[PDB]
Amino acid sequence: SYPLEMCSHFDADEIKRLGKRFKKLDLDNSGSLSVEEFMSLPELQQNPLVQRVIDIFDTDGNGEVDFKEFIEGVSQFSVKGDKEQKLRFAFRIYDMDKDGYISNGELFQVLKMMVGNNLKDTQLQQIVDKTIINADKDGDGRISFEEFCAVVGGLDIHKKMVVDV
C-alpha cells in the first residue's frame, strides 16, 4: 500500500481512468497483466505485433506487465508525446534484445512475423540484407537508432501513433 513511481504524460484523471481499464483486464487480480490475459481480447489474437508490444512494455522483463509499465507503455502514444519518443518506440519493435541496435537476424524474424507466407524466406532475407547495407551508415552491420531515423523521419508515421485516453 505504498505509493507508486512512474514517468508519463498523464494527469491524475487519465491515470485513474487507465487504472480502471487495467483492473478490468487483470482477471486473476494478480496486479500485473499476463500474456494470456491480453490475448483474451478477441481483436488482439488477429495481431502479429501483440507480443512485441507486450515484450516492449514489460520493462523489467519478467513476462507480465505491472501497472507502472502499463502506464509508461501507453504514455508513448499520448498526443502530448513527441516525434522521437514515438519513433524510439517503433525502433524497439525491431530491436528484440533491447541492446539498442537492430541486428540482421532480428530484422528478419520481426518482418517474418508480419508477412508470414506471403514471402519465401530467401526473398525476405535479401530485402532484409540490402536494407541494412543501404542504411548502415557506420559499417557495423546492424542499425543504430540514429540511422534508423535517417530512413523514416520524413514519413510522419509517428503522427499516426496517437491514442485518446
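For every residue, the number given is its place in the sequence shown, counted from 1.
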Legend entry - Comparing 126 to 134 with 32 to 40, the one whose average Cα B-factor in the PDB entry is higher: 32 to 40
Legend entry - Average Cα temperature factor in the PDB entry - higher stretch of 41 to 49, 92 to 100: 41 to 49
Legend entry - Out of 56, 119, 110, 65, highest CA B-factor residue: 119
Legend entry - Third of the chain, ranked by Cα B-factor, where residue 19 sits: lowest
Legend entry - residue 149, C-alpha B-factor rank within chain (lowest, middle or highest third): highest
Inset, instruction - State the tercile, meaning the lowest, middle or highest third, of residue 114 with respect to the CA B-factors recorded for its chain. - result: middle
Legend entry - Entry-reported Cα temperature factor of residue 12, expressed as the chain third it lands in: lowest
Inset, instruction - Check where residue 162 lands among this chain's C-alpha B-factors and tell me if it's the lowest, middle or highest third. - result: middle
